**Student:** 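There's a structure below that I have some questions on.
In what follows, chains are A, B, ... by sequence order, proteins preceding strands, each numbered from 1.
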Amino acid sequence: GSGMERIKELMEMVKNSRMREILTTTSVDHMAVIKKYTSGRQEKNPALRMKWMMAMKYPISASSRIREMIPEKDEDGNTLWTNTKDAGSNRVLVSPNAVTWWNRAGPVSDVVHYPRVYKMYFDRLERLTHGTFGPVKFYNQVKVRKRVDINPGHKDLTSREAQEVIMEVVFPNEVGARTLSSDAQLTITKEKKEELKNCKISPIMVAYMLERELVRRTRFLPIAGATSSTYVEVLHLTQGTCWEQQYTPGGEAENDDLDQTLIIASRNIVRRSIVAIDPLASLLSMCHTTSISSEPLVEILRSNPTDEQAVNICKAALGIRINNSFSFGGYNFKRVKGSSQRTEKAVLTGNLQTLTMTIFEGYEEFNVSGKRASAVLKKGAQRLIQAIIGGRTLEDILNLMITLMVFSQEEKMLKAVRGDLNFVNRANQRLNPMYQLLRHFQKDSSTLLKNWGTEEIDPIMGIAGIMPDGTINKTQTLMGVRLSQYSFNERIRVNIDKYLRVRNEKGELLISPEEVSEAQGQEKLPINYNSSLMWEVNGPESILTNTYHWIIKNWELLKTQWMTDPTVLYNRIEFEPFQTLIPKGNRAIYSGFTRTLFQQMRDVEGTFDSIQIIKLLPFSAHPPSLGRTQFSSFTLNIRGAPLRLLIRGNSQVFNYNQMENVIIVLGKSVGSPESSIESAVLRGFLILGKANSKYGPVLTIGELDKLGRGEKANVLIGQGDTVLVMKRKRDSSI
Amino acid sequence: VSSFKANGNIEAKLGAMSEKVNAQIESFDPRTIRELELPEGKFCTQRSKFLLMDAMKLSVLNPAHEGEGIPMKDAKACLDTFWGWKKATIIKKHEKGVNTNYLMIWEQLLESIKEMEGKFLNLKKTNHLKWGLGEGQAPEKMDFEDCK
Amino acid sequence: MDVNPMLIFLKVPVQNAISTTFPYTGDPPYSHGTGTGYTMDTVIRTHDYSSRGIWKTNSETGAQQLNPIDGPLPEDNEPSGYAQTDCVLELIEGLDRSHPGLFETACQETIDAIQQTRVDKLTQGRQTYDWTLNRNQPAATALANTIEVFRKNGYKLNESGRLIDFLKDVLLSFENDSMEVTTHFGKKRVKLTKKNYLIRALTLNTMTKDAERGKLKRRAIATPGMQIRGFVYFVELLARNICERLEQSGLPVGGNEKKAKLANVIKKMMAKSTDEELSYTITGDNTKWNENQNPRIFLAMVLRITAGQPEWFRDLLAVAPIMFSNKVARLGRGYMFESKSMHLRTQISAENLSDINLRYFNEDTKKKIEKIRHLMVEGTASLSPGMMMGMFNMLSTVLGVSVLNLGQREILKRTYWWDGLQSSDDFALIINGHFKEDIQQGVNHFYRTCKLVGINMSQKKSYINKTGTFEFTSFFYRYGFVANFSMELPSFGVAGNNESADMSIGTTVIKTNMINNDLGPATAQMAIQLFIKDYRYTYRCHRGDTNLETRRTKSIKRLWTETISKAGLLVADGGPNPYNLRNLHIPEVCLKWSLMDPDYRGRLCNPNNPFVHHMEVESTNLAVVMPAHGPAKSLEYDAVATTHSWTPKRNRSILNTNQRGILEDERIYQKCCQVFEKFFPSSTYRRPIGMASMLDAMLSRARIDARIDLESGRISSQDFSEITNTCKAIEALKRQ
Amino acid sequence: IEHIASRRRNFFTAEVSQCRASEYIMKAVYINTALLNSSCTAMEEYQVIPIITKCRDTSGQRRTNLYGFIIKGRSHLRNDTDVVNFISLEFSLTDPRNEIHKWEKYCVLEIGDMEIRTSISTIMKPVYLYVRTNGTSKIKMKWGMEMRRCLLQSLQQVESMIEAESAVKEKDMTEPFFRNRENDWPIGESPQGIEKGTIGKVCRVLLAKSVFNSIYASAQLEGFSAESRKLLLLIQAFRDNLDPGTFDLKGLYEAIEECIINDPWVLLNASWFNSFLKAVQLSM
RNA sequence: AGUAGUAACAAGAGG
RNA sequence: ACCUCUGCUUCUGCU
Ligand SMILES: CN1CN([C@@H]2O[C@H](COP(=O)(O)OP(=O)(O)OP(=O)(O)O)[C@@H](O)[C@H]2O)c2nc(N)[nH]c(=O)c21
Ligand SMILES: Nc1nc2c(ncn2[C@@H]2O[C@H](COP(=O)(O)OP(=O)(O)OP(=O)(O)O)[C@@H](O)[C@H]2O)c(=O)[nH]1
Ligand SMILES: Nc1ccn([C@@H]2O[C@H](COP(=O)(O)OP(=O)(O)OP(=O)(O)O)[C@@H](O)[C@H]2O)c(=O)n1
Ligand SMILES: [Mg+2]
Ligand SMILES: [Mg+2]
């Protein structure tokens, strides 16, 4: 009697004039309101109210039908239900003894569908049961707040694709007009439809769980290590304020996460290696010791098809064949001939927006292949010189065109952005310029297409054309856009020198380490370098805190060495990571400044300052170079934002707190070491004490050169202070 | 509003507003600031719901008696450990109270326990106990029109 | 030795032990009795701050309306409402210039929203002033009442299902000569005068705020009716869309995201500074933010933000500010009086305050009533100035941010500059300059500019120090945010939803705090133990082997003695606690699944059970919590639906009132909605669309369902005919 | 990490479980639980509630403790602030007459005698019964029922101090902190000056603070704690060399001071703030 | 009386 | 007297 009982119920209701009035005068639309009509209020103090009600005999509201399904009194004479109707419904008031009764003695259903419906939940336990624990380590680490994924096993659908799918799976006949384009949608539907046939769990719970499962959800969390969802899921277990619990969840990685981590590892290794005396030797060492989730980096590099500049430098070193390309918009980009160079510049979008953006300037040629489409591209500086394109469908040729127009960096696409497009997230975090544009013009190219123009095509027919419509067109096309139809995938043997320059067998320069992106990303999966060349605690913030913590804890030895044998101190290997945080162009001068200042402190007895030494020491670690520049600070690149470390006194980055007697680096204690004359702030000058108008007006720093041995001044030294300086009668060579 | 174009509007009104409108900063030096001032009056008095440091317990070790877990049974067992009763006297008055009533509540209580049977004890609503529990002390509620 | 916990601060920085300064293990303050006193207080103060403005009598309501805008400039530091239109406009223009295309985009999105929003969006509020009853009601009930009374009086554009059409009805309803509603003496039709009706439409009901921490004294809050709420909604959406793209806005970002944004702002600031500049931060708050905001200014802001946009949308958005300019406050529940001599007590109403003899009142309250009398109109108080608590959080935020935006070096060209972050009235201002004198001047420039737009920095609540430490809405920064675990202490307990929801909430709270508020592992373990004990006592679900006596002991003991694998029993079924740190994120039912006697499991998880009260996907596994600070939050939890997913009984007090009839209406409605869902199961997931009646849709569905069932063989040919027969009889019966 | 946590937890469980503040927790939880349930189920009955706790000696044995009795009044509690009146009747060897201001609301009875013997002979001590009318509400009973949360407030702070040192030392400082039993936090004042305590003492002092915040919850405490926090923060800014300034320090002092009215716990907290200020002043 | 604390509770409503 | 009903429901807002 499928349909029998419900139509009979309906009959009875329509026999009541009131109910008939409601059902004949309430639109489906208006049902959305009257569905919520109530005198009942959302409890405002549920904790108190439950403590109150749980003292009562009949605090629970149950379906009327409970009266048919369980006894009125149990074996012990407890009343389980009553006939009192709960306010505003036909539910009845029952005892908590009714719940226990049901659970010991009620009807037994089969639970076969439970694992599948609540898979998202059960998978959590599966990962944990098959998880492996390593040691706990104790240290301070900066946990930086970022947005991370929180639900492993999603299918990367938008809420409207999920809805569409869930409508098909759970309520197919109520779908309405339109149906599913995507094939992802279709194979999920079938799988789920097949998994959940004959399912008797409430469709509400099935839809709820499907929605939780299928849609990617994120959250902003403080997170020090691996950002993958399977690690996020156990953040409470693996990360504490002063500890890491090494752990590997059961199950496979995502190929996406591994690829992403491989790139981060390879970039980290390249950047660390470039600052060693023998980059190639250092890079090979790190390649050979590093693992990603206990998989050797060497094996990943042999088996993994990722084409990226740092990855390829590592592959070359290891004698692995490379496809001299990178990824962009899902398409693989082999550079045939020419080259260019990375330069940042300001750029007004048609959105009406200023934006620093790395722009490649120069002549280049690109073979481009995807899984459905391919093309030949010729490029200048923000110049789409020409794009010859092919594939399976019109669709797939289009989708690559969009990508290439955007890839050009042309003004016409720059100034075709319309509506909401920003380059910083809500949290003020800078986003990828190019990926933003790509996602935009894939949502809607109509402006882009109309803003581009057209071109009259010749009779060398075979060189076809595509119109601002998206239309196939014989005599006209867009600008630089044509249509046509061995060894693009083919991996080549290269050679690599001591400084990581990669060349073919013919000996042409394919890759230089300066072409490796400077972006410090966060790895989706754990990286263990297992290397003497890398701090045990990963990450840029940790380079800072680790280095200073290490100086301090070893200060007694390092001090004696500062006094007796500086040059050996400066060249120590523990300072190399820190060097990677300093802008390349500043390393030598920063070093020269620091060594000079340190020599001055030696020459001018009685002016020892251990904090000043600790603070500047890592900047000593580069072949020096003397100059005229006085520095008021040194720049450090942390996560692509410059922090400035003030030469004189405390800064946000580095400060000594008198009250705690600790040095605080990026907000973290790194422990403590435990006259007015300052010898190690200015090159060639001494600070005596507070300013004195006796010796004339307050000079900037960059106006002190025009003094002479013994001659004094007043200086705006920094952070609002004015001080009395003296140019030294003898200076220090270093 | 639609044709509005700014041109020194804030600057002009800043130039017309008295210097008495300001946020002068006073340097804060904890060496020259005073202690907080506390209120004066009668001395503060205890207001916990139960005694704290001055409490005294009657205890039974490793209780085994019938009804171990039932409060009033445990209570009887604890009471049984004290022999040294004597006629209750008042030795410190609740100045605003009917001290007689408190004496009588205790006597009623003790007796009702000694005589009790079962797991729970409910006391008779004597005049002294009613008083102590504010029985009937709520004013009778009336319409304004009838008492205005 | 006398113990003094405060002495810890001699060694430990205050921020690093800040947790101890939050006494959130005790009950927070509550009001008892009326809020009428607090309502009069805010009405009085709001007028006092604007007292040098211009009075007018409203043509439609007769309300006395004070207008301090473009009034005389402040002459001292007392809180002022003398905001200056041209100054506000300069600031908003400044915001337009700093962010080209921002206004246009936020407007575009708001327009799309206006076209797409369904009337039922207004069901999402909490307690709502219900003008048809002159009493508060749940938002959905208040919406239904307005719709019903509207249609009976001839307004029904809202039948479209579009919010904007309901908004049209609202404005059109004000033309009515006499709006009819029905009161319950049985049932009486009552005709409101045009003036009566408009006053009720412009009403915000008032009550006192309970359970607010950190304050000796109480204050009043307000709830608008349904005529106001739809318009405010769209103004605040527009403002939200703007706030989301301002680097200086603290809304609507929440905890971690807010902290990330603040940290970025400091980082930004310091990068843009020179090494020679001093930098100071004000930990900032404003005096009586809401009382000094002004609807007329909001009107200006809205017109300026929406410049160049279609006039229908400008005028639609301007409605909320106009209504607020013309608002009145209900004065609350009145007062109680007592006669010592006659041992009696009685209730007077707020309405009585118009003309009651003043002899009954203490001097303070007598003075209040005297002051309020000239504002009273048909039982309410005229309140043209101010916005009342939290009504335009986002638009007011836009005003504060606009001042922050002024501080750019290239605008000021002074020896100082500023930036910062603002959320409502709370702010962190970072001022930079060469010398301390520059800082002072910059602070004065910022403060005085704020004054010119009715923002009054609280001198006693705000302080300044060199940049590096600061506080922002109970987030403490000491060269980076530190934890404040005590803020969260109230959330450690039994939530009071049900046995299933509460286990999941309890373990999640522990886990979340380990991640976010530096809840260390040992204390987290102890939190598990403390939670389990409280859950067991609350729900009387002591372990089956224990010898406590409750009303549940005997039935749980039987379940226990009869169970083979006891480790599989849920705690609520007398089972053991499985939780430790590592599995806090695993729903209990999952955790114990493999360890359960198959029969218990099949009962516990029986989908046919009568306990679980499912309703809607969108409100599935959702609880409401009230944090120690701030608005009610929806809380998602992860749990398998079982017989433990039950619903506690409803309040029955209404049975003793004239409003008991409502219970019957609810029961009928629910019965109609339930049967509807037997025909349209998808309606529990998404909301169904249509102008068709509920009955017509169910008839059409039965017929075509019965036909497919027939072909596919799920049903006999006999059954099938009876279905189509029943349908025909329903068709007929529907004609009387 | 679970194994690490349990070792530290055992240290914690000891310090806190044996602390007298934990006695008050259990009294409060038992009394409020019994009063709430009785209030709900027996609205017309003057029902008796024995004040009971159960503990174990360090020497391992179970003991049941009786302190006295509560008599519940009628209890038609509707609003969450609605009052249930009750009588408390509580044993004590304390003679109130030595400190009567402490006992304004109580009528103290003499009800018996208690023996103490030694050698040359013995001594009888009077047994008093502290009797008073009192009241509570559903909101206050609910929070009293939850007073175990006080353990978390103390231990979370203690554990944060252990962890902070552990990060810098790169090892678990739990055992060193609990065992090196060196006096390494200022927690009190004697006539000679500032006294230091071990982490164990800090735990119990912070626990007591938290427990007293719960027993003596008030609006006075709320306002005092929020406003005095700003002054604490200003002092900290000075000690960090961040050159703090105020805009209306006078108004800030008045905002703190108005919250100190009559509550013994807030009065003491105000006094503590003053002692802290003096001690800081002396150190500068 | 007591709770409390800027206004309430110390049962309300109905018969 | 006694009977009946009620224990968040004339009072808990906003992004
Ligand atoms: C327009 N582009 C972009 N591009 C390459 O595109 C690749 C990926 O694009 P991208 O936006 O730079 O991303 P990338 O910096 O790798 O991402 P991340 O933020 O993770 O560092 C890079 O390896 C970059 O060299 C180019 N490479 C060359 N040679 N010439 C070009 O004109 C361009
Ligand atoms: N709209 C709205 N704003 C709120 C609400 N609660 C708090 N706020 C705002 O958020 C601010 C931060 O609150 P907290 O700092 O946590 O508490 P507080 O006691 O007001 O602040 P302190 O002065 O720091 O003690 C408040 O000062 C208000 O400006 C709320 O429920 N609604
Ligand atoms: N529970 C709350 C608390 C605050 N607010 C909003 O937040 C503003 C700032 O709150 P707060 O600083 O606490 O109060 P003020 O109104 O500024 O008054 P004052 O600071 O002088 O006490 C309020 O005006 C109001 O708009 C709110 O809507 N609800
Ligand atoms: Mg404020
Ligand atoms: Mg505020």
**Student:** Taking only the P atom of each, what is the distance from F/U15 to E/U3 in whole angstrom?
**Tutor:**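 About 41 Å, rounded to a whole number of Å.
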**Student:** For a quick test of reading the model: is some side-chain N or O of A/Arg49 closer than 4.0 Å to OP1 or OP2 of F/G7?
**Tutor:**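 No, because none of the side-chain N or O atoms of A/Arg49 sits under 4.0 Å from OP1 or OP2 of F/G7.
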**Student:** Ignoring hydrogens and angles, does a donor from either the side chain of D/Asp80 or the base of F/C8 sit under 3.5 Å from an acceptor on the other?
**Tutor:**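 Between F/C8 and D/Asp80, which were checked side chain against base, a qualifying N/O pair under 3.5 Å is absent.
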**Student:** Quiz question: by atom type and distance under 3.5 Å, do the side chains of D/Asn79 and D/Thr81 form a donor-acceptor pair?
**Tutor:** no
**Student:** Quick one: does C/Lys649's side chain get under 4.5 Å of A/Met53's, heavy atoms only?
**Tutor:** yes
**Student:** Should C/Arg345 be listed as having a side-chain N or O under 4.0 Å from OP1 or OP2 of E/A10?
**Tutor:** yes
**Student:** Just to confirm, is there a sub-4.0 Å distance from OP1 or OP2 of E/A10 to any side-chain nitrogen or oxygen of D/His76?
**Tutor:** no
**Student:** Would you tell me whether C/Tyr335 and C/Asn352 have side-chain atoms, one donor and one acceptor, within less than 3.5 Å of each other?
**Tutor:**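 No, no side-chain donor-acceptor contact under 3.5 Å.
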**Student:** When the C1'-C2'-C3'-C4' sign is the only test used, does the sugar of F/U4 come out north or south?
**Tutor:** north
**Student:** Given the rule that positive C1'-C2'-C3'-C4' is north and negative is south, which one is E/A4?
**Tutor:** north
**Student:** Please tell me which of D/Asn262 and B/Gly134 maps to the more 5' nucleotide of RNA chain E, matching each residue to the nucleotide holding its nearest heavy atom.
**Tutor:** D/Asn262
**Student:** Can you tell which of C/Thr380, C/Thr223, C/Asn136 makes a side chain to side chain donor-acceptor pair (under 3.5 Å) with C/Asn205?
**Tutor:**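 Single pass found, and it is C/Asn136.
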**Student:** Among E/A8, E/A1, E/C9, which is the nearest nucleotide to the side chain of C/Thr34?
**Tutor:** E/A8
**Student:** Would you say E/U3 has OP1 or OP2 under 4.0 Å from some side-chain N or O of D/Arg132?
**Tutor:** yes
**Student:** F/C8, E/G2, E/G12: which one has an atom nearest the side-chain heavy atoms of D/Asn85?
**Tutor:**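 Taking heavy atoms from C-beta onward, the closest nucleotide is E/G2.
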**Student:** Side chains of C/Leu204 and C/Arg330: does their closest heavy-atom pair fall under 4.5 Å?
**Tutor:**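 In short, these two side chains do not touch, never coming nearer than 4.5 Å.
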**Student:** Please give the nucleotide sitting opposite F/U10 as a Watson-Crick or G-U wobble pair, both distances under 3.5 Å, or none.
**Tutor:** none
**Student:** Is the aromatic ring of C/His32 within stacking range of E/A7, meaning centres under 5.5 angstrom and planes under 30 degrees?
**Tutor:**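 It does not: the ring fails the test against the base of E/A7.
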**Student:** Check every strand shown and say whether C/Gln659 touches a base, only sugar-phosphate, or nothing at a heavy-atom separation below 4.0 Å.
**Tutor:** nothing
**Student:** Would you classify E/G12 as syn or anti? Syn applies when the glycosidic angle is within 90° of 0.
**Tutor:**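 For E/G12, whose glycosidic angle is more than 90° from 0, the conformation is anti.
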**Student:** In whole Å, what is the span from the CZ atom of C/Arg660 to the P atom of E/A13?
**Tutor:** 15 Å
**Student:** Does the separation of the ring centres of C/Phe324 and C/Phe392 fall below 6.0 angstrom?
**Tutor:**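 Distance test on ring centres: under 6.0 Å, yes.
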**Student:** In what stems does RNA chain E take part, counting only runs of at least 3 consecutive Watson-Crick or G-U pairs whose two distances fall under 3.5 Å?
**Tutor:** E:11-15 with F:2-6
**Student:** Nearest of E/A11, E/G2, E/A7 to any side-chain atom of D/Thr133?
**Tutor:** E/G2
**Student:** For nucleotides E/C9 and F/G13, find the distance between their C1' atoms and express it as a whole number of Å.
**Tutor:**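 Looking at atom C1' only, E/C9 and F/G13 are 25 Å apart.
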**Student:** Students often get this wrong, so: under 4.0 angstrom with heavy atoms, is D/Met43 touching a base, only sugar-phosphate, or nothing?
**Tutor:** base
**Student:** Any side-chain N or O of A/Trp52 under 4.0 Å from OP1/OP2 of F/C8?
**Tutor:**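 So the side chain of A/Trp52 is within the cut-off, an N or O lying under 4.0 Å from OP1 or OP2 of F/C8.
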**Student:** Please state how far atom CZ in D/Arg74 lies from atom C1' in E/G12, giving the value in whole angstrom units.
**Tutor:** 11 Å
**Student:** Using OP1 and OP2 only, check whether a side-chain N or O of D/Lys138 sits under 4.0 Å from F/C8.
**Tutor:**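 For D/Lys138, the contact criterion (side-chain N or O under 4.0 Å from OP1 or OP2 of F/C8) is met.
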**Student:** According to side-chain hydrogen bond (donor to acceptor under 3.5 Å, both in side chains), does anything in residues 387-398 of chain C pair up with another residue at least two apart or in another chain? List the pairs.
**Tutor:** C/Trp289-C/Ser396
**Student:** Looking at CD1 of B/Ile105 and OG1 of B/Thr126, how far apart are the two atoms once the value is rounded to the nearest 0.5 Å?
**Tutor:** 6.5 Å
**Student:** Are the six-membered base rings of F/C11 and F/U12 within the stacking limits, centres under 5.5 Å and planes under 30°?
**Tutor:** no
**Student:** Scan B/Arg47 against the nucleic acid and name what it touches under 4.0 Å (heavy atoms): base, sugar-phosphate only, or nothing.
**Tutor:**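 Result for B/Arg47 = sugar-phosphate.
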**Student:** If we take the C1' atom in both E/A10 and E/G14, what is their distance in whole Å?
**Tutor:**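 After rounding to an integer number of Å, I get 22 Å for this pair.
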**Student:** Taking only the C1' atom of each, what is the distance from F/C8 to F/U4 in whole angstrom?
**Tutor:** 22 Å
**Student:** Of D/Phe86 and C/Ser31, whose closest RNA chain E nucleotide lies nearer the 5' terminus?
**Tutor:**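 This one resolves to D/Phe86.
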**Student:** Heavy-atom distance under 4.5 Å between the side chains of C/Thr42 and C/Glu291, does that happen here?
**Tutor:** yes
**Student:** How long is the gap from CG on D/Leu35 to NZ on D/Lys140, to the nearest 0.5 Å?
**Tutor:** 13.0 Å
**Student:** Pairing donors with acceptors under 3.5 angstrom, does anything connect the side chains of D/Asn262 and D/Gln220?
**Tutor:** yes
**Student:** When you get a sec, tell me which of F/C8, E/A4, E/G2 is the closest nucleotide to the side chain of D/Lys105?
**Tutor:** E/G2
**Student:** Contact between D/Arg132 and B/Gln46 at the side-chain level, heavy atoms closer than 4.5 Å - yes or no?
**Tutor:**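 When only atoms from C-beta onward are counted, B/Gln46 and D/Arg132 do not touch, as no gap falls below 4.5 Å.
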**Student:** Rounding to the closest angstrom, what is the interatomic distance between E/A13 and F/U10 at atom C1'?
**Tutor:** 13 Å
**Student:** Check this one for me: any side-chain N or O of B/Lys49 less than 4.0 Å away from OP1 or OP2 of E/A4?
**Tutor:** yes
**Student:** Can you figure out if E/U6 has a north or south sugar, judging by whether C1'-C2'-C3'-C4' is positive or negative?
**Tutor:** south
**Student:** Between E/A7 and F/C14, how far apart are the P atoms? Round to whole Å, please.
**Tutor:** 25 Å
**Student:** Using a cut-off of 4.0 Å between protein heavy atoms and nucleotide atoms, how would you tag nucleotides 9-15 of chain F 5' to 3' with B, S and -?
**Tutor:** BBBBBBB
